[PDB]
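In what follows, a structure is listed as structure tokens, so that the remarks can point back to it.
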Amino acid sequence: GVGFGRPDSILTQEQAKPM
């Protein structure tokens with residue numbers, strides 16, 4: 001999802017890891 005430090009969903013962006 002949204003954020004930084006490895007992806008969720010959109011595969012090559014990154015996420016804050018609450019998902």
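Ligands are numbered from 1 in the order shown, residues from 1 within each chain, and chains are lettered A, B, ... in the order they appear in the structure tokens.
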
**Report entry** Exercise: residue A:18 partners within 10 Å, only C-alpha atoms, chain neighbours under 5 positions left out, as an MDAnalysis selection string
**Finding:** chainID A and resid 1:3 8

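For residue A:4, the residues within 8 Å (counting only C-alpha atoms, excluding itself and residues fewer than 2 positions away along the chain) are residues 2, 6, 7, 13, 14, 15 and 16 of chain A.
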
For those residues, write C-alpha atoms to a file as an mmCIF file, in the first residue's frame.
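The resulting file, part.cif, is reproduced below:
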data_model
loop_
_atom_site.group_PDB
_atom_site.id
_atom_site.type_symbol
_atom_site.label_atom_id
_atom_site.label_comp_id
_atom_site.auth_asym_id
_atom_site.auth_seq_id
_atom_site.Cartn_x
_atom_site.Cartn_y
_atom_site.Cartn_z
ATOM 1 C CA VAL A 2 1.136 3.558 0.848
ATOM 2 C CA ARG A 6 9.152 -2.724 0.034
ATOM 3 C CA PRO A 7 5.880 -3.103 -1.909
ATOM 4 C CA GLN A 13 6.576 1.077 -5.146
ATOM 5 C CA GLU A 14 6.776 0.694 -1.323
ATOM 6 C CA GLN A 15 4.659 0.600 1.873
ATOM 7 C CA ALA A 16 4.522 1.499 5.577
#
